[PDB]
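Colleague: Below: the sequence, then the experimentally determined structure.
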Amino acid sequence: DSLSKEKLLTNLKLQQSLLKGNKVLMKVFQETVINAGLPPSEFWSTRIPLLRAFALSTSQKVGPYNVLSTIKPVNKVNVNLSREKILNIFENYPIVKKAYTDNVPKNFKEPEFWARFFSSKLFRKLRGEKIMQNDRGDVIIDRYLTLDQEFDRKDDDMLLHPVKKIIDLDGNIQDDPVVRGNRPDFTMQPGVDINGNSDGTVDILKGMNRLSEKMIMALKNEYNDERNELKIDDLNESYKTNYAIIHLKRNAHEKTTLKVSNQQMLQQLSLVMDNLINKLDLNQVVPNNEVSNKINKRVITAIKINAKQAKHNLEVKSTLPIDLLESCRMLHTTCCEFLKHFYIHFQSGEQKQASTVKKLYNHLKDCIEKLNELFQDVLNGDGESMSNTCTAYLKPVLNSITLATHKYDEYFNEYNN
Amino acid sequence: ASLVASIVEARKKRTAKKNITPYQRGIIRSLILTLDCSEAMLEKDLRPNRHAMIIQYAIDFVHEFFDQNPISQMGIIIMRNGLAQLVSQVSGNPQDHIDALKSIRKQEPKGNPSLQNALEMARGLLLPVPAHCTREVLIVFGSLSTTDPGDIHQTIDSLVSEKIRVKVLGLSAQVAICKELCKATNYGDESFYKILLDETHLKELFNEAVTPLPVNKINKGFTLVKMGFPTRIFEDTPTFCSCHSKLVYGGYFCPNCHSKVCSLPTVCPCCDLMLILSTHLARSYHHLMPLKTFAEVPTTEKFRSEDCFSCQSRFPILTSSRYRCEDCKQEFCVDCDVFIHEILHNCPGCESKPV
Amino acid sequence: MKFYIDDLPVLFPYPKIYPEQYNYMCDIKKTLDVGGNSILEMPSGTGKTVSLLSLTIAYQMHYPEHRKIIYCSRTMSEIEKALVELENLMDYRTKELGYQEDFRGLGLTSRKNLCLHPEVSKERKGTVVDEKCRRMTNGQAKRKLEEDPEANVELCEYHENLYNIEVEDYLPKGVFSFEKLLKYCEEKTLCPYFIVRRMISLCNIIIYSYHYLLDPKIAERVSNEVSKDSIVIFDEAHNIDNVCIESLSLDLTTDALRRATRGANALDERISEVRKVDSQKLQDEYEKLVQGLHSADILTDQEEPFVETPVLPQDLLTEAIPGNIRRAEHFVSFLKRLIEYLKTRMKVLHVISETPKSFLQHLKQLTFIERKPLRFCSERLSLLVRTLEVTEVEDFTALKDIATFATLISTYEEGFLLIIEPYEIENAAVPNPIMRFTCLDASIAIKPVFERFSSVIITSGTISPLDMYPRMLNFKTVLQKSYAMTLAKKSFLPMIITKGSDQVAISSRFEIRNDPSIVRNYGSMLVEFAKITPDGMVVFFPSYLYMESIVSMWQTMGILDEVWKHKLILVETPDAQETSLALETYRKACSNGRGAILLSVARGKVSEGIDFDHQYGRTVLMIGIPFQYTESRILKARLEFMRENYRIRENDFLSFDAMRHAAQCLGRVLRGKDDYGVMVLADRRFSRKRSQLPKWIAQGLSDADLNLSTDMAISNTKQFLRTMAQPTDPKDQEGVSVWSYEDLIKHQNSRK
Ligand code: SF4
Ligand SMILES: [Zn+2]
Ligand SMILES: [Zn+2]
Ligand SMILES: [Zn+2]
Ligand SMILES: [Zn+2]
């Protein structure tokens, strides 16, 4: 289905779809392929989960439901039609879909059609309403009555299937074919009208049963056992988890990249217990104001250093021209994209990736030179008034990029040389 | 006579927690909470309504899950009007999903549920997930039925085949299909289809769902994983970030490809490798090193001490409230027992006692 | 698990067992020791069939008597249940002993269920199915094909293969299901009906319907190849009196009379043609009747009697045919004037009820036909059909019915009655007269059973009171006791809804049937229970017309549209086949958990062998008292006869039958102890009937539950669902409800 990497890369229409959904994706994609000419497959190669998420979001569909039961008759009536529910009616009733498609594009209008439909007795029959000759219906819609009837016959023919004997009431009533007793009660048998004909409640009940069967066979779509069926689980062994416990052997390496004696510590301990029982003065704790002054110097130096650390506690406010700010952000963004793709190629590790690595290396070099030329532009645009800040802002991505270039050169010298 | 009822209730409670095991429990988690926002949760039957409390409890659940287990990504898909709507991709930042849930606050829950569509797109979202990550889904449900487009059993079979588990927290009562899901997905266990009895029980259930789950021996995936500790810088100049492409005063620096990021514990956007701190990995060590329960000594027997070893307070006097750590042979009060067993994760008696 | 009774080794296919099952086995073995019959009542929520089957198998193997086993039920569903459980038990025993013992046991049913002749299989009337099978495998067809292979009267290759191989070669030992037998006969091209008809003398245990034991026509053959000293058990036959009643009751319609006239004329003209072309066969039949031979005398096994023996064989006439009906033309004129007499008595203007003796006296007053010819009619007709070779028997099935009626009414006089009423439908466009033959007693058909077999076990799950069945049927049992439900915790919650949401009472009375307020209440709690019901719910009205009215007018209110939004709704169709598709739909709907509702009559076809469990049995809407139709002269004559016989209060018996039908309705919820369900009583009048109700049922019926409304019914049901949604510690039931082998040992020592 539409789930492989190849399928997701193939769906150019879906790619354009979420493209048109976003705006920064036009920005990024335009710079990536329109401006830089990157292979758009490798563009989308990162965004594969996003593509699949968009596809699966677009791909779901609802389940069937009794749309005619949700239809209410609502003096006068005003049509308040919902197109999704109109198509729901179409899908649930292909007869109604057919009656739409041979009349509205031929004879009259859609709201006129639906007014005729709500007027029609075919609507009442398809809904849970007993048909009545007092009702006149709509003649145009009610011409489809026998067509819907033979649809019902064909659908019932499709719905017929053999039954399991374990639950077969037909086999149950065919237990004794020579039962000769008495005629059962009118009360518990299906009653009829005065002239022997039925009222049709059996028809409406078999119709709603047909609706149920249609729903369950819609469930039963494309998208022996009695031994298991008759198991009595209540007298069986309880399930126990096979979860594995874990122990932990403990032997850690010592931290890598004079010794005191009991006599000496005991001597000092005796002496300091003597001093402890001897004396203790709070007033002697006051310092000499000179080594204390050096303490003041050290403390104040620490305060100054950490205060300058705290002095640099939406992005930050900047005094850049807004266009050059956007341009440099754009260049940073596409350089980051190039760098990520180059790392994807490099950490892949194949000889098939070699020309890709070389070409992305060329693109990184081009981005470097374009960064330098941008630096020349902000040079002769500022006289290095804040072109220094421009260079420093674009610095770290450039450092990482050129570090990657050095890594590529080093591995080239490692393998080839 | 209330103390006898409290004692027998504590006995019937402790009968479940008598067995404490050092099972291997998942750390690289993958948790999905789908939400239904349908007509059922419009009931004000619990105050103020089911939608509001599940919103609040989901806020708490996000906070607790990210606090305890910051080494997982969190995705939320809402269910509404016969459609399941993705609102939260799996991410390391909880704040994104917090904002998405805040959007879910003001909107109106309505419609009917479709676990088939919900679990199908949850499966699809869970598809590009690495092997060590434990794919598991929490599902909240208030209906007693489910309108669906097609079969659920094919989805059940596919989910079992793709090694993803589920846990259902139903609202009203048991639904047999949800029981079937929990049993078949959960190796025949019935310890996953849970029904609350009040909002406090719902709170307790959410807290239970916070915890990591044990893994199975047959589901063996024992391997290594590449890891990298980054380094934080505090620069004078604001600098462009790799992730959000904007000027940052500080930021960690990539250990491998020397780029910079804005938040942790996150993977690299550039060298594409996970970056953490040792605090984050040690955070679950109480799960890795569980604590034994502490036993009250009986009031009839002679007592080692008459006041609490840890908090240093007098033991109250019918029964004896002296919870003993047999690993350190010291008895403690109930308050200290609660704190050491839940908040703390070490026994100071065992810290003082040399091994 | 396996333990020993005092001399009886016994194996249970599960490690666990219930103490109620243990006491049940104890009393059954006591009964088997003492000899005779006993009545035991047990809560059907515990396992029954497996335990009794294990006891019977152990009894046959351990004791040197090795008596056969007779078990009978109502439906193919119950028979298949017994087959599956028996297969599981014998498989477990084979595994436990490490080897398979020699064993034989099968069921018994119709060709409509069984005849795999694909051409014959495509008919819906089992009578037509059997008739075609006789037409092309009657032996006469085989002989005609043997003398003339060019004759186009084909034979059933299934039957031919069964001719080829022998009766022990038909099957290996053991038990085979209906499905397994279908696979086997599909493989080997064999007729399973014929197979079963030859397995009768060989099966260690035989299982068939209650009809095959009660009706003489389908029971004499069973009595032929059954051992007199086997073991007989009955299950859930607490409504078997109705089967007994219909075993000897018959009705007469105008069109049947017309078909009888046409068939008699066709037979008369055929006899005239045969007398014209070759009178040798007629003269041979006439002289064979002069010697006085009978159906067993002349007919072989491969040919079957046309008019099957309507009466019990203990009451048959075995002497010669009178000369007045001995000739074929004499017998035709005899039957025709019988038809004419019936047409004369047909055209009465009101309700007629006379004794058969009085009818006989009137008949011998008007015409000159005696009880001896009027009894010999069926045998003479069968012989005439056999000689006549008139196998196109379509016009003569009414002749079979009329000869059956004549023989039956000429056989008995006490506990039987004839009802003639001028309207077949009272409230129709025109009245249509009817003659109805009845059998006022029910214990007539059990007399061959009781006097042929001693080791007969009568037991059920919903039989109450025990003494009422020996009251209504002249039999006695050795011990009469029930079983209480030794429950650890409550699992079933019955409610008695004596009032609606507006504190308005409800009842199912047909006069107040079209009451809109009662409709509003009924639809009200129907909606409420639909909204709170998770998986599966069933509704049981007392009558189909009551349904059709009340469902059509809720369809007018559109309440069903609201019901659509939560579950499916399934209605008992008059077609059993569509009903089977409907119940399959309900089954699959509760399987996928989207939820569905069944609508079936209290006496309807669902209620007699279909169980519901753990999502299917969750909550039941029983609708009112399922009283029978009040103005039946047949019912009133029954009431008069049974009151005259056993001094039975009529209204009390009516309440008895109503509550027993209600119990049969409500007994299909709790399959295992793990299951749970809630019961409702949707009538005000039920509150006086808890004393009537079965003991284990009513023990959960609390005194606060005796008169409830919709609101606390809803609240209690929600709380019950909340309760049953919780797990349970095994320690609370490890020794009081679920018993290990050691638990049973400890209990046995405690008894010691
Ligand atoms: S011969 Fe066998 S298969 Fe054919 S109709 Fe008779 S019983 Fe059925
Ligand atoms: Zn950033
Ligand atoms: Zn990196
Ligand atoms: Zn303390
Ligand atoms: Zn300790």
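Modeller: Good, I have the coordinates. Numbering: from 1, shown residues only, chains lettered A, B, ... in the order given. Ligands and ions are numbered 1, 2, ... in the order given.

Colleague: Closest to the mean position in the chain, which residue would that be?
Modeller: Chain wasn't specified; assuming chain A. Nearest to the geometric centre of chain A sits residue A:53, at 4.8 Å (CA atoms, centre = their mean).

Colleague: mind listing the helices for the stretch 1-150 of chain C?
Modeller: Per DSSP state H, counting those that start in this stretch, the stretch 1-150 of chain C carries helices over the ranges C:19-34, C:49-62, C:76-97, C:111-114, C:118-121, C:126-137, C:140-147.

Colleague: actually the stretch 301-417 of chain A, not the one I wrote
Modeller: With DSSP H, counting those that start in this stretch as the criterion, the stretch 301-417 of chain A has helices spanning A:322-348, A:354-382, A:387-415.

Colleague: thought residue C:355 was touching residue C:409?
Modeller: No: counting by CB atoms under 8 Å, residue C:355 stays clear of residue C:409, with 10.5 Å between them. From N, CA and C alone the C-beta is placed, and that goes for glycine too.

Colleague: quick one: which of the two has more around it?
Modeller: Of the pair residue C:355 and residue C:409, residue C:409 is the one with more neighbours under other CB atoms under 10 Å in any protein chain shown, namely 22 against 13.

Colleague: Look up how far residue C:248 lies from the closest residue to the more buried one other than its chain neighbours.
Modeller: Once flanking residues are discounted, residue C:409 sits nearest to residue C:356: 5.3 Å by CB to CB, 6 or more residues apart in numbering or on different chains. Computed as CB to CB, to the nearest Å, the residue C:356 to residue C:248 distance reads 12 Å.

Colleague: cool, and residue C:414?
Modeller: Relative to residue C:248, and taking CB to CB, residue C:414 is found at 12 Å.

Colleague: so who does residue C:649 touch?
Modeller: Residue C:649 is in contact with residue C:643, counting by CB atoms under 8 Å, 6 or more residues apart in numbering or on different chains.

Colleague: let's see it at 10 Å
Modeller: C:639, C:642-643, C:655-656 (CB atoms under 10 Å, 6 or more residues apart in numbering or on different chains).

Colleague: if we can go back for a sec, so which of the helices of the stretch 1-150 of chain C is nearest ligand 5?
Modeller: helix C:19-34 (46.1 Å; CB to the ion).

Colleague: if we can go back for a sec, could you identify which of the helices of the stretch 301-417 of chain A is most buried?
Modeller: helix A:322-348 (a mean of 18; mean count of other CB atoms under 10 Å in any protein chain shown).

Colleague: Show me what that one is packed against.
Modeller: helix A:24-29, helix A:40-46, helix A:354-382, helix A:387-415, strand B:239-240 (3 or more CB pairs under 10 Å, 6 or more residues apart in numbering or on different chains; DSSP states H and E).

Colleague: so can I have JSON lines of the ones you listed showing distance to residue A:299?
Modeller: Listed next are the helices and strands packed on helix A:322-348 as JSON lines, based on distance: least, CB to CB, whole Å:
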{"stretch": "helix A:24-29", "distance to residue A:299": "50"}
{"stretch": "helix A:40-46", "distance to residue A:299": "51"}
{"stretch": "helix A:354-382", "distance to residue A:299": "41"}
{"stretch": "helix A:387-415", "distance to residue A:299": "33"}
{"stretch": "strand B:239-240", "distance to residue A:299": "31"}
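
Colleague: Tell me which of those sits nearest to ligand 3.
Modeller: Of the helices and strands packed on helix A:322-348, nearest to ligand 3 by CB to the ion is helix A:387-415, at 8.3 Å.

Colleague: my read: residue C:55 touches residue C:30, true?
Modeller: No: in this structure, residue C:55 is not within contact of residue C:30 by CB atoms under 10 Å, at 11.4 Å.

Colleague: okay, the two: which has more neighbours?
Modeller: residue C:55 (22 against 12).

Colleague: Relative to residue C:58, how far out is the spatially closest residue to the more buried one that is not a sequence neighbour?
Modeller: Nearest non-adjacent residue to residue C:55, counting by CB to CB, 6+ apart: residue C:25, 5.3 Å away. Going from residue C:25 to residue C:58 by CB to CB gives 9 Å.

Colleague: what touches both of these two?
Modeller: C:5, C:8, C:10.

Colleague: In contact with the first one, which residues are there?
Modeller: Applying CB under 10 Å, 6+ apart, one finds that residue C:5 lies in contact with C:22, C:25-26, C:29, C:55, C:58-59, C:62, C:748.

Colleague: which of these count as buried?
Modeller: Using 16 or more other CB atoms under 10 Å in any protein chain shown as the burial test, those include C:22, C:25, C:29, C:55, C:58-59 as buried.
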